[PDB]
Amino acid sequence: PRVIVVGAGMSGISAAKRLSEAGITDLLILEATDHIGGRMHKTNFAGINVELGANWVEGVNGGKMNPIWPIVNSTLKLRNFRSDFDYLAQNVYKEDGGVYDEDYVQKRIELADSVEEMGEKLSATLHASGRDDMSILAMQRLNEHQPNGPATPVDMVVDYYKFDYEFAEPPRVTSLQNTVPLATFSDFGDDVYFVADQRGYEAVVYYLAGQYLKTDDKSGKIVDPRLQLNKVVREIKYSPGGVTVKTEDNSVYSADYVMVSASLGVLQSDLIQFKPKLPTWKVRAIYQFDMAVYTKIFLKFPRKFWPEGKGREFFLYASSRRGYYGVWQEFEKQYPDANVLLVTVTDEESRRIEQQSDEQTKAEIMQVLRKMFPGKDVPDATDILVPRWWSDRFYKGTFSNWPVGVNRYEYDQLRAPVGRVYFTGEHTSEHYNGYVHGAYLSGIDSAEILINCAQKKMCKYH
C-alpha cells in the first residue's frame, strides 16, 4: 500500500516510522520546508543555537517513562538541565523596581496552587462527555469565592506563569477538564528538562528518521528518495479507490492513503485544499479547537545586569497589565558565555508583537528592564530575536490548547479519518495535545489506525 505523509515534523516522521515497522515501506514524505523537525527547530542567535520552538522534555521522573526522555537523555545524550521553580518567590519584580517580599510571594503562590488542587478534584467528577466542563477561571472563582480570578499584579503574573506559560492562552479560555490535572505530568512525572545542545532538540527527530530512511555514510544526511523536502502540499483529492496529492511546484503523487501531519493552525488556514471538501462536522471540529502562539523573545546584551546564582534562572515581572513581558529566564547554565535573556509572551501579546518591528519590541522591553533594574546601568540589547510562528504559513501558531467548548466527541472528530485521508500531529493526541511527546505518540497511533484498515481490512473508525 503506498502512503503519502504530509509533513516531516515529529508526528509525520513518527507515523512513517511505525508504518515502516509494519512493513508499509512504500512511503513518500512531503515536507514544506527545506528541513525536517517542524516545531522542534533551532536557530543561531548571538553566536549560539537557541531553540525557536519546543525547548523542554516535559513530564519526567514519574510512574511512566515519557518516550522522548530516553532518546534525549540516553541515546543522543542531548545536553539538558532540570528546571527548578522552587525559588520563584524570591524573584518577582515590582512594576516599578525591586522584588517583592519572598514570604509574601510564596504565600500567593501557595494559594494559587491550592486552588488548582481543588480544581483537580472537581475535574475528576465531571461528565466524560465534557458537557459539564468549565474554564479554569470559572474554577478559580468558585474556589476563592470572588467574581474574578487573580487580579493584582503579583497574583496575575503568578497565574500567567502557572497557566499561560504552559498553555499559551489564559485560564478563562482553557478547558478545566482537559488540563487540570494534566496527563503529561500525572503520567510522566512533574519535572521538565530544558534541552540546550548545539545539535538542537530536533536531533530527536533526525534520530527517529535515520532508523528507517537511508542516510549518507559519511555525513549521515538523509538521502532516501522517500523523503522529499521543499514540497508544499496544496491539494489532496481522495476517492474510494485512492488519493492524489499536488504540490505547489505542481508535482502530483498518488497513493492508497494519505497521512496529514500539518498543524492545527495549518488546517485552520486552508493552505491544503481538500477535494472533495472535508465534511462539515470535520470542518467545525477543526475551527473549534484553539491553535495557540508562544513567542520566545531572545535578547543579547553587551554586559550582564541581572542576578545569577541559586534560584535565579527564572524570574517574573509583575506588570499591572496582564501578560506584559512577564516570564523571564537567564542562562547562566545553558549558555554561559552568552549575556542572553529570554522573555516569553503568548496569545494577544504574541499577535501584537509579531505585527510590529523587532526594534519597537526591543524598545518596549528595555523600558521594562530599566524599571526592574533601576539600580543598574542597563545597556540596550544589541540583538533581539522574535520568532513569528503565527505568521508562518507552515505553522500558524506554536501548539494547540484545549478550549472550554470542545467536548470529547468534537475532539474525536478532529482526529477522525475521512475516507483514505488520515490525520496525525499533536492536536490529535488524546491526552498529550500540545507536546513533543504528544506529537510522537500521535504519529504511532494514527499509523496504527491506518495499519488496521490497510492490513487487517478493519477500516471503520469508532
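Quick note: we count residues from 1 along the sequence shown, nothing fancier. Note that the rigid core is defined as the largest set of C-alphas that superpose within 1.5 Å between two forms.
Rigid core superposition in 5 other deposited structures of this protein puts the Cα atoms of one stretch, out of 195-203 and 125-133, farther from the shown form on average, and that stretch is 125-133. Here 332-340 and 171-179 are scored by the root mean square distance of their C-alpha atoms in 5 other deposited structures of this protein, with each structure fitted by the rigid core; the higher score goes to 332-340. Across the two stretches, 41-49 and 64-72, the PDB entry reports the greater mean Cα temperature factor for 41-49.
Mean C-alpha B-factor is higher over 98-106 than over the other stretch, the pair under comparison being 98-106 and 138-146. In the deposited coordinates, the residue among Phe81, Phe167, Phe373, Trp328 with the greatest CA B-factor is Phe373.
Of the candidates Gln273, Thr344, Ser263, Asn339, it is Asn339 whose Cα B-factor is highest according to the PDB record. For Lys214, the recorded CA B-factor ranks within the highest third of the chain. Only modelled residues enter the ranking. Among the modelled residues of its chain, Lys231 has a C-alpha B-factor that falls in the lowest third according to the deposited record. When the modelled residues of the chain are ordered by their C-alpha B factor, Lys277 lands in the highest third. Placement of the Cα temperature factor of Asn452 within the chain: highest third of the modelled residues, per the deposited record. Annotation for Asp383: CA B-factor lies in the middle third of the chain's modelled residues.
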